[PDB]
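Chemist: Next up is a structure, given as structure tokens.
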Amino acid sequence: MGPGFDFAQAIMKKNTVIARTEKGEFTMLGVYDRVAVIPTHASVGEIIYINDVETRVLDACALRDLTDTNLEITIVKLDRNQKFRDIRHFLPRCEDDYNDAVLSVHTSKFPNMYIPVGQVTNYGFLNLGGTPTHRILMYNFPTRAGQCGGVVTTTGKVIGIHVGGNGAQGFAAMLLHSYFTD
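Shown next, in the form of structure tokens:
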């Protein structure tokens, strides 16, 4: 409808796949080459389904900060025959707050879904499903089951992936440029 939705659409149409694990279907953001991200609660194993194709997982790393605290991001390298467009230049370098964000989801249950979530707070610490978690972004939208892995964007930046909610608020794990240096 506007330049926020334009940037979100541009990411969704080239840099997402539908990932299926034994824990469900997730929006999965491809970042560069065959490297993608997904919430750690997806419990990625040795095989994952990518757009309903059986795909070997070449590597999966559940990220933690240097306090050994959960960040809720798993970086996955896929044995796929095609690279993602490299979007690492759209990742923020530092922890920050944002105005006027969009949460975008694409699964069997929610195809082509875009939500204007408004102001995003650098919330920091969250007890997420009983697990102490750092680098959490918060937005005041009643997100629901099916949106985990959803991409959070502003105009010009890809800032996080949706990992949870409490019925009134939604929470995303930060994406930082430093997670994807090669």
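My numbering puts the first residue of the sequence shown at 17, with every later residue one more than the last. From the three backbone atoms N, C-alpha and C, an ideal C-beta is built for every residue, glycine too.
1) Cβ atoms of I64 and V167: under 7 Å apart, would you say?
2) Going by DSSP in three states, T37 sits in which element: helix, strand or coil?
3) Would you mind giving the Cβ-Cβ distance between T147 and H178, rounded to the nearest angstrom? I have them listed as a contact below 8 Å.
4) On the DSSP letters alone, give me the boundaries of the alpha helix (DSSP H) that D22 sits inside.
5) Can you tell me where the beta strand (DSSP E) with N138 in it begins and where it stops?
6) Applying the 10 Å Cβ sphere with the 16-neighbour rule, what's the burial state of residue 201?
7) When we look at the beta-carbon of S124 and count the other beta-carbons within 10 Å, is it buried (16 or more) or exposed?
8) Within the present structure, is the beta-carbon of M17 separated from the nearest heavy atom of the ligand FAD by less than 6 Å?
9) Should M44 be labelled buried (16 or more other beta-carbon atoms within 10 Å of its own) or exposed?
10) Which value, in whole angstroms, describes the spacing of the CA atoms of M190 and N156?
11) Take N182 and list the residues in its own chain whose beta-carbon comes closer than 7 Å to its own, dropping the five residues that flank it on each side.
12) For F100, which residues of its own chain have a beta-carbon under 8 Å away from its beta-carbon, when the five flanking residues on both sides are left out?
13) Out of curiosity, what's the CA-to-CA distance linking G20 and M129?
14) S120 bridges to which residues according to DSSP?
15) Considering Cα atoms alone, identify which of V69, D75, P108 and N67 is closest to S59.
Modeler: To lay it out plainly:
1) Start at 1 with the first residue of the sequence shown, and residue 167 comes out as number 151. Start at 1 with the first residue of the sequence shown, and residue 64 comes out as number 48. In this structure, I64 does not lie closer than 7 Å to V167 by Cβ.
2) Against the sequence shown, residue 37 aligns to sequence position 21. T37: strand per DSSP, three-state reduction.
3) Along the sequence shown, read from residue 1 onward, the residue named residue 147 stands at position 131. Along the sequence shown, read from residue 1 onward, the residue named residue 178 stands at position 162. In fact, because the Cβ distance is near 16 Å, the residues do not count as touching under 8 Å.
4) Residue mapping note: residue 22 aligns to position 6 of the sequence shown, counting from 1. Where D22 is concerned, the enclosing alpha helix (DSSP H) stretches over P19 to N31.
5) As a first step, residue 138 must be located in the sequence shown, where it is residue number 122. Unbroken beta strand (DSSP E) run through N138: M129 to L144.
6) Residue 201 lies beyond the range of the chain shown here (17 to 198); nothing can be said about it.
7) Counted from its first residue, the sequence shown places residue 124 at position 108. Exposed.
8) As presented, the structure is devoid of all ligands, the ligand FAD included, so that no description of it is given.
9) The sequence position of residue 44 within the sequence shown is 28, counting from 1. That one is buried.
10) Position 174 of the sequence shown, counted from the start, is the residue given in the question as residue 190. Position 140 of the sequence shown, counted from the start, is the residue given in the question as residue 156. Approximately 16 Å between the Cα atoms of the pair.
11) Counting from 1 along the sequence shown, the entry for residue 182 is found at position 166. Excluding positions up to five away in sequence, the list is empty.
12) Within the sequence shown, numbered from 1, the residue matching residue 100 stands at position 84. Contacts found: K30, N31, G46, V47, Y48, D49, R50, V51 and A52.
13) As a first step, residue 20 must be located in the sequence shown, where it is residue number 4. As a first step, residue 129 must be located in the sequence shown, where it is residue number 113. About 14 Å.
14) In the sequence shown, residue 120 corresponds to position 104, counting from 1. Paired residue(s): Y130 and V167.
15) For this step, residue 59 is matched to residue 43 along the sequence shown. The option with the nearest alpha carbon to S59 is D75.
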